[PDB]
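Numbering starts at 1 and runs along the sequence shown. Just so you know, ligand 1 is whichever comes first in the structure, and atom 1 is the first atom listed for that ligand.
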Amino acid sequence: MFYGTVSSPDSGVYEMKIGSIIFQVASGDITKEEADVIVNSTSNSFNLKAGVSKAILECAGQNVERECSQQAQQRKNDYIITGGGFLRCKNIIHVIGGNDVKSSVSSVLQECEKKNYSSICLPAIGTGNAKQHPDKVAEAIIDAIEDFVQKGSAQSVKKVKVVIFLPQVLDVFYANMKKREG
Ligand SMILES: Nc1nnc(-c2ccc(O)cc2)s1
Ligand SMILES: [Cl-]
Ligand SMILES: [Cl-]
């Protein structure tokens with residue numbers, strides 16, 4: 001009762017509608033993207049600097065690193081919201097790669113509605129240091145967006161894009177989109 005048709009609007013980009021939201025996937029370096037929010041997949045200490053967390057903390061800068069450590073030593077956080085530093089975004093949301101991916105994406109969507117944001121870009125959360133299986137991660141990300149739409153929670157959020165470091169993981173996301181398409 002939600003899914004549109006899978007097509008390719010731009011070279012290496014695949015998209016489909018999920019209710020009112022445009023869902024897109026592509027391979028590349030997430031630190032070159034522009035969006036209201038960029039998501040970082042990190043450790044429970046919010047100081048991982050390996051794979052996607054290395055590229056995001058390096059390009060964001062030491063002021064963002066300081067924000068992460070300052071919030072980390074204040075309370076036990078499921079995720080942390082910082083400034084964008086030198087990334088092309090308004091905020092970074094740092095989620096824990098080992099946590100339930102559906103719950104992490106649900107939290108990102110709810111925080112973006114609170115700020116009246118329209119665009120989100122995320123990595124294949126948990127497929128790096130956390131070593132979660134790509135097929136399970138794709139199913140969880142798309143399930144979170146479906147639930148958000150079903151509950152009537154999508155109002156400001158219009159575009160959710162997954163930018164994926166390995167082309168082989170992109171192929172798993174595209175197969176999941178084709179499974180669901182109307
Ligand atoms: N096995 C891997 N999963 N993630 C990787 C990654 C992601 C973003 C980067 O900027 C660099 C490496 S390698
Ligand atoms: Cl990860
Ligand atoms: Cl990725």
Side-chain angles (χ1 to χ4, degrees), residues 6 8 10-16 18 21-62 64-65 67-69 71-72 76-82 84-89 91-109 111-112 119-145 159-178:
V6 179
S8 180
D10 304 282
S11 187
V13 184
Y14 301 106
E15 78 164 36
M16 75 195 302
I18 309 178
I21 293 171
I22 307 152
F23 178 70
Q24 297 190 330
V25 300
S27 188
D29 181 358
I30 194 168
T31 67
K32 320 320 301 205
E33 291 292 312
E34 180 183 342
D36 290 327
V37 158
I38 297 171
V39 174
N40 184 25
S41 183
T42 189
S43 65
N44 61 239
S45 46
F46 301 98
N47 56 5
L48 190 68
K49 218 168 185 309
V52 76
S53 65
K54 182 183 172 184
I56 288 174
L57 283 189
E58 220 153 74
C59 291
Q62 288 187 40
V64 166
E65 279 191 287
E67 258 201 278
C68 287
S69 64
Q71 287 192 53
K76 183 165 184 292
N77 299 282
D78 282 356
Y79 56 91
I80 294 186
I81 305 175
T82 69
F86 291 100
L87 285 170
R88 286 202 296 168
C89 66
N91 290 106
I92 302 161
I93 306 184
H94 310 253
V95 303
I96 301 168
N99 276 15
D100 183 74
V101 172
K102 190 183 171 181
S103 180
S104 295
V105 175
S106 170
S107 296
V108 169
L109 289 164
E111 293 291 357
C112 288
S119 62
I120 307 173
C121 190
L122 64 146
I125 299 162
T127 64
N129 223 250
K131 289 183 73 196
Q132 297 203 55
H133 290 187
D135 62 337
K136 290 184 189 192
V137 166
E139 187 85 1
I141 290 170
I142 304 175
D143 283 355
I145 302 167
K159 178 180 176 190
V160 178
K161 185 181 186 180
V162 193
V163 171
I164 299 166
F165 186 84
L166 300 174
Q168 69 199 59
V169 170
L170 182 284
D171 296 344
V172 169
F173 277 73
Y174 185 85
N176 202 295
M177 295 167 71
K178 293 292 286 178

Open item on the list: List ligand 1 atoms under 4.0 Å from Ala55, heavy atoms only on the residue side.
Closed with: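 Heavy-atom distances to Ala55 below 4.0 Å select 10 (O).
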
Task: CA sep, side-chain torsions, deciding dist, call: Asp36, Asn91, side-chain contact (heavy atoms from CB on, under 4.5 Å) - done: CA-CA 7 Å; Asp36 290 327; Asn91 290 106; over 6 Å; no

Please list the nearest protein heavy atom to [atom] with its residue and the distance rounded to 0.1 Å.
{"atom": "atom 3 (N) of ligand 1", "value": "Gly128 CA, 4.0 Å"}
{"atom": "atom 1 (N) of ligand 1", "value": "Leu166 CD1, 4.0 Å"}
{"atom": "atom 13 (S) of ligand 1", "value": "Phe165 CD2, 4.0 Å"}

TODO: Run the salt-bridge test on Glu15 and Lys161 with the 4.0 Å N-O cut-off and return the result as yes or no.
DONE: no

Open item on the list: The criterion is side chain to side chain contact (heavy atoms under 4.5 Å, CB included); which residues satisfy it with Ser45, sequence neighbours excluded?
Closed with: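 For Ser45, the residues satisfying side chain to side chain contact (heavy atoms under 4.5 Å, CB included) (neighbours in sequence not counted) are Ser43, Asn47.
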
TODO: Decide side-chain contact (heavy atoms from CB on, under 4.5 Å) for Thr31 and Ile56; before the verdict, give the C-alpha distance in whole Å, the side-chain angles of both, and the deciding distance to 0.1 Å.
DONE: CA-CA 6 Å; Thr31 67; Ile56 288 174; 4.0 Å; yes

